[PDB]
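*Asks:*
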Amino acid sequence: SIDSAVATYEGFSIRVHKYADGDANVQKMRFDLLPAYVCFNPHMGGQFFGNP
Amino acid sequence: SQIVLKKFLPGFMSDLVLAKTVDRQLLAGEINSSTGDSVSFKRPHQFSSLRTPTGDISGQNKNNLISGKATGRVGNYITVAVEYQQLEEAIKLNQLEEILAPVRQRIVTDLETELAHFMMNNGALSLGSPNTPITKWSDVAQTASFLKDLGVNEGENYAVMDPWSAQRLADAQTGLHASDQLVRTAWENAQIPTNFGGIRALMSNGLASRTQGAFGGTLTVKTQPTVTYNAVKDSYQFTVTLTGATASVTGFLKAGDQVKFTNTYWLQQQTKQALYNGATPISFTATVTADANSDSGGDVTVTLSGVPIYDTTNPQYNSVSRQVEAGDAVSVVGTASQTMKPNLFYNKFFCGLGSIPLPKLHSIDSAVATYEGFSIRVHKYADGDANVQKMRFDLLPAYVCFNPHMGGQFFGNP
Amino acid sequence: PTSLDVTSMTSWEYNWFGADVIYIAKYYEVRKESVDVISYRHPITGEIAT
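So the sequences go chain by chain: s, i and L.
Mapping of the first sequence onto the deposited numbering: residues 372 to 423, in sequence order.
Mapping of the second sequence onto the deposited numbering: residues 10 to 423, in sequence order.
Mapping of the third sequence onto the deposited numbering: residues 204 to 253, in sequence order.
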């Protein structure tokens with residue numbers, strides 16, 4: 372019972388919701404995303420600098 | 010006292026003539042999402058000539074180029090809302106169509122009433138004494154005569170009168186001497202013809218009323234106002250201060266009061282000559298816009314619509330015989346505090362009227378209703394868990410006054 | 204380097220392991236253009252030939 376849609380950008384899906392407050396007579400939108408991160412093995416990467 | 014029929018009893022209705030007569034053409038679909046909340050139209054130019062007897066005069070005192078504006082804007086919202094316990098409402102009242110009929114009528118009635126207030130607040134010209142009602146043929150003919158005398162041709166004149174006044178004219182018409190068609194129509198249907206005295210006379214019962222507002226004392230202007238065309242080339246309104254009033258009264262001058270300047274006359278706008286009303290010259294008048302009070306010492310500062318331009322550097326824009334200066338004597342038409350329903354007269358190109366389309370409100374059920382060319386947006390929702398449904402109706406209007414000197418009020422004279 | 208288009212169609216109730224696909228699109232347009240026609244009119248073997 373709320374207008375919504377899905378958009379795609381560079382392999383990521385964003386959900387758009389449109390809703391309004393009737394008494395105040397205001398129209399508004401929100402864009403949402405939910406990420407998730409995992410670290411498999413710490414011994415396979417790090418920070419590198421120019422050694423002296 | 011238990012069973013109820015499915016047909017409602019008939020009710021009362023007003024009439025629409027003002028919206029149909031006012032100019033609904035110039036301002037139509039120009040207040041969009043691009044222009045903003047206001048838009049302006051241009052004003053015509055005027056020129057003046059010089060009188061010399063020689064010819065190699067390529068270097069002399071020449072005219073100037075000044076352009077005016079007429080701005081139109083939007084008004085407030087006309088919102089009517091209802092709430093109900095929807096099951097109790099639907100006990101015997103199906104499809105929620107019963108509310109639809111008497112809400113568009115309310116919307117239109119309020120629109121027309123405030124439009125009438127706008128016109129009587131912005132009109133400048135006045136005729137006759139407010140006390141006397143309309144009884145004879147000259148009382149209607151004088152409006153057309155004045156409008157012709159000023160010099161307006163491009164446009165279409167009109168006049169509006171109440172129901173009781175028309176019967177008085179129909180009764181006068183029944184006493185004619187040779188027009189069988191006219192006497193027959195007046196005797197049977199009591200209907201006056203379309204063109205009455207050179208102007209179109211209309212009958213309307215929905216018409217706003219105004220209270221005069223208490224005033225007392227010989228009023229006069231204390232300070233010379235600025236009525237130069239450079240100052241008043243955008244609004245045709247000006248602020249003036251008056252003395253000789255009552256000690257301290259709130260609401261000394263209401264909205265719509267007409268102030269007459271005794272020693273300054275109108276001008277035929279083209280030939281730039283004064284106006285002669287058979288026995289006396291016609292005096293200049295202005296209309297109060299906002300309520301004005303009085304402080305101690307009888308000093309009243311008021312803002313009036315309609316300007317007595319007497320610029321001396323741009324003589325081509327003069328519209329009065331002489332300049333208003335300090336010590337001039339002024340009057341206010343009417344009695345102390347009586348309330349009356351004025352009768353109107355105006356040209357086509359006097360004021361405009363338009364409507365702003367309203368888009369759908371997000372995630373809310375809505376619909377559109379049409380009524381004499383007006384579109385009303387209806388929204389329905391159920392805010393709160395009180396099991397109370399809510400509906401709202403929306404309409405937004407836009408109004409413009411093209412030239413205050415092309416309309417006003419008129420009464421009868423003894 | 205390799206750049207691919209996106210329309211968000213994969214990852215949809217499937218166990219995906221093959222990330223070695225690059226999506227390329229062929230695009231078709233129709234245009235209204237100006238062309239010049241030359242009419243050969245050799246009498247031998249038919250005259251009008253545009």
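Virtual Cβ for every residue (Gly too), placed ideally from N, Cα, C.
When Cβ atoms are compared, which residues of the segment 92 to 106 of chain i fall closer than 8 Å to chain s?
*Replies:* Against chain s - using a Cβ distance shorter than 8 Å - the segment 92 to 106 of chain i contributes no residues.
*Asks:* In the DSSP output, what is residue 268 of chain i paired with across the bridge?
*Replies:* Your numbering for residue 268 of chain i matches position 259 in the second sequence. Bridge partners of residue 268 of chain i: i/295, i/341.
*Asks:* Pair every Cβ in the segment 242 to 257 of chain i with every Cβ in the segment 310 to 330 of chain i, then say whether three or more of these pairs are closer than 8 Å.
*Replies:* These segments touch.
*Asks:* Can you pull out the residues from the segment 209 to 238 of chain L whose beta carbon lies closer than 8 Å to at least one beta carbon of chain s?
*Replies:* Against chain s - using a Cβ distance shorter than 8 Å - the residues of the segment 209 to 238 of chain L are 209, 210, 211.
*Asks:* Is DSSP giving residue 92 of chain i helix, strand or coil here?
*Replies:* As a position in the second sequence, residue 92 of chain i is number 83, starting the count at 1. Note: residue 92 of chain i maps to strand in three-state DSSP.
*Asks:* Is the segment 352 to 372 of chain i touching the segment 58 to 66 of chain i, taking contact as three or more C-beta pairs under 8 Å?
*Replies:* With a cut-off of 8 Å, the segment 58 to 66 of chain i and the segment 352 to 372 of chain i do not count as touching, because too few Cβ pairs lie within range.
*Asks:* Could one say the Cβ of residue 408 of chain s lies closer than 8 Å to chain i's Cβ atoms, at least one of them?
*Replies:* In the first sequence, the residue the question calls residue 408 of chain s occupies position 37. For residue 408 of chain s, the answer is no, since every Cβ of chain i falls outside 8 Å of its Cβ.
*Asks:* Interface residues of chain L around residue 384 of chain s at Cβ under 8 Å?
*Replies:* Mapped onto the first sequence, residue 384 of chain s falls at position 13. Those are 211, listed as they occur along chain L.
*Asks:* To the nearest angstrom, how far is it from the Cα of residue 175 of chain i to the Cα of residue 413 of chain i?
*Replies:* For the purposes of this step, residue 175 of chain i is taken as the residue at position 166 of the second sequence. For the purposes of this step, residue 413 of chain i is taken as the residue at position 404 of the second sequence. Each residue's alpha carbon lies about 27 Å from the other.
*Asks:* Could you check whether residue 258 of chain i and residue 305 of chain i sit closer than 8 Å to each other, using their CB atoms as the reference points?
*Replies:* Along the second sequence, one-based indexing puts residue 305 of chain i at 296. Along the second sequence, one-based indexing puts residue 258 of chain i at 249. No, the pair does not count as a contact, with Cβ atoms beyond the cut-off.
*Asks:* Who are the near neighbours of residue 120 of chain i in its chain, counting only those whose CB is closer than 8 Å to its CB and skipping five residues on each side?
*Replies:* Counting from 1 along the second sequence, the entry for residue 120 of chain i is found at position 111. Closer than 8 Å at Cβ, skipping near neighbours: 28, 87, 383, 404, 406.
*Asks:* In the DSSP output, which residue or residues are listed as bridge partners for residue 388 of chain i?
*Replies:* Taking the first residue of the second sequence as 1, we reach residue 388 of chain i at position 379. Residue 388 of chain i is bridged to i/375, i/401.
*Asks:* Counting only the same chain and skipping the five closest in sequence on each side, list residues whose C-beta sits under 8 Å from that of residue 345 of chain i.
*Replies:* Start at 1 with the first residue of the second sequence, and residue 345 of chain i comes out as number 336. Answer for residue 345 of chain i: 221, 223, 224, 225, listed in chain order.
*Asks:* Taking residue 12 of chain i as the reference, which of i/24, i/66, i/101 has the closest Cα?
*Replies:* Within the second sequence, the letter at position 3 stands for residue 12 of chain i. Checked all of i/24, i/66, i/101; the closest Cα to residue 12 of chain i is i/101.
*Asks:* Going straight from the alpha carbon of residue 373 of chain s to that of residue 389 of chain s, what length do you get?
*Replies:* Mapped onto the first sequence, residue 373 of chain s falls at position 2. Mapped onto the first sequence, residue 389 of chain s falls at position 18. Roughly 7 Å between the two C-alpha positions.
*Asks:* At a CB-CB cut-off below 8 Å, which residues of chain s make contact with residue 392 of chain i?
*Replies:* Here residue 392 of chain i refers to the residue found at position 383 when the second sequence is read from its first residue. Ordered by position in chain s, the residues that pass the 8 Å Cβ test against residue 392 of chain i are 393, 394.
*Asks:* Report the neighbours of residue 418 of chain s on chain i: residues whose CB is nearer than 8 Å to its CB, in chain order.
*Replies:* Taking the first residue of the first sequence as 1, we reach residue 418 of chain s at position 47. Within chain i, no residue comes near residue 418 of chain s; the closest Cβ sits about 48 Å away, beyond 8 Å.
*Asks:* Can you tell me the Cα-Cα spacing of residue 64 of chain i and residue 324 of chain i, whole angstroms?
*Replies:* Within the second sequence, residue 64 of chain i is the residue found at index 55, counting from 1. Within the second sequence, residue 324 of chain i is the residue found at index 315, counting from 1. So the alpha carbons of these two residues sit roughly 23 Å apart.
*Asks:* Using the three-state DSSP reduction, which class does residue 78 of chain i fall into: helix, strand or coil?
*Replies:* Residue 78 of chain i sits at position 69 when you count from the first residue of the second sequence. Strand, per DSSP.
*Asks:* Would you list the residues sitting across from residue 417 of chain i in a DSSP beta bridge?
*Replies:* Sequence index remark: in the second sequence, residue 417 of chain i carries index 408 (1-based). For residue 417 of chain i, which the question treats as bridged, DSSP gives the partners i/134, i/354.
*Asks:* Who are the neighbours of residue 370 of chain i on chain s, taking C-beta pairs under 8 Å?
*Replies:* What you label residue 370 of chain i is simply residue 361 of the second sequence in a count that begins at 1. 391, 393, 396, 398, listed in chain order.
*Asks:* Count Cβ pairs between the segment 328 to 344 of chain i and the segment 101 to 111 of chain i that sit closer than 8 Å; are there 3 or more?
*Replies:* Flag = no, the segment 328 to 344 of chain i and the segment 101 to 111 of chain i do not touch.
*Asks:* Measuring straight from C-alpha to C-alpha, what distance separates residue 264 of chain i and residue 252 of chain i?
*Replies:* Here residue 264 of chain i refers to the residue found at position 255 when the second sequence is read from its first residue. Here residue 252 of chain i refers to the residue found at position 243 when the second sequence is read from its first residue. Cα to Cα, the separation comes out at about 19 Å.
*Asks:* In the DSSP assignment, what are the bridge partners of residue 361 of chain i?
*Replies:* The residue given as residue 361 of chain i occupies position 352 in the second sequence. DSSP, once it has assigned bridges, lists i/32, i/409 as partnering residue 361 of chain i.
*Asks:* Does any residue of chain i have a CB that is nearer than 8 Å to the CB of residue 374 of chain s?
*Replies:* Residue mapping note: residue 374 of chain s aligns to position 3 of the first sequence, counting from 1. For residue 374 of chain s, the answer is yes, since a Cβ of chain i falls inside 8 Å of its Cβ.
*Asks:* Could you please give me the residues that DSSP links to residue 47 of chain i through a beta bridge?
*Replies:* As a working mapping, residue 47 of chain i is identified with position 38 in the second sequence. For residue 47 of chain i, which the question treats as bridged, DSSP gives the partners i/82.
*Asks:* If you reduce the DSSP assignment to three classes, tell me which class residue 146 of chain i lands in.
*Replies:* Here the question's residue 146 of chain i lines up with position 137 in the second sequence. Coil, per DSSP.
*Asks:* Could you check which residue in i/74, i/163, i/72, i/111 has the C-alpha nearest to that of residue 90 of chain i?
*Replies:* Translated into positions along the second sequence, residue 90 of chain i becomes position 81. Among i/74, i/163, i/72, i/111, the Cα nearest to that of residue 90 of chain i is on i/111.
*Asks:* Considering only residues of the same chain and omitting the five flanking positions on each side of residue 185 of chain i, which have a CB-CB separation below 7 Å?
*Replies:* On the second sequence, position 176 is the one that residue 185 of chain i refers to. Excluding positions up to five away in sequence, the list reads 191, 192.
*Asks:* Of the residues i/201, i/173, i/129, i/188, which one's Cα is nearest the Cα of residue 179 of chain i?
*Replies:* Translated into positions along the second sequence, residue 179 of chain i becomes position 170. Residue i/201 is the option with its Cα nearest to residue 179 of chain i.
*Asks:* Whole angstroms is fine: what's the gap from residue 340 of chain i's alpha carbon to residue 268 of chain i's?
*Replies:* Counted from its first residue, the second sequence places residue 340 of chain i at position 331. Counted from its first residue, the second sequence places residue 268 of chain i at position 259. If I take the Cα positions, the gap works out to 6 Å.
*Asks:* What does residue 388 of chain i reach in chain s if we use C-beta pairs closer than 8 Å?
*Replies:* By one-based count along the second sequence, residue 388 of chain i stands at place 379. Within chain s, the residues near residue 388 of chain i are 393.
*Asks:* Pull the bridge partners of residue 170 of chain i from the DSSP assignment, please.
*Replies:* If you number the second sequence from 1, residue 170 of chain i lands on position 161. In the DSSP output, where bridge partners are listed per residue, residue 170 of chain i has i/212.
*Asks:* Looking at the strands, I want to know which residues DSSP matches up with residue 249 of chain i.
*Replies:* Working through the second sequence from its first residue, we reach residue 249 of chain i at position 240. Paired residues: i/311.
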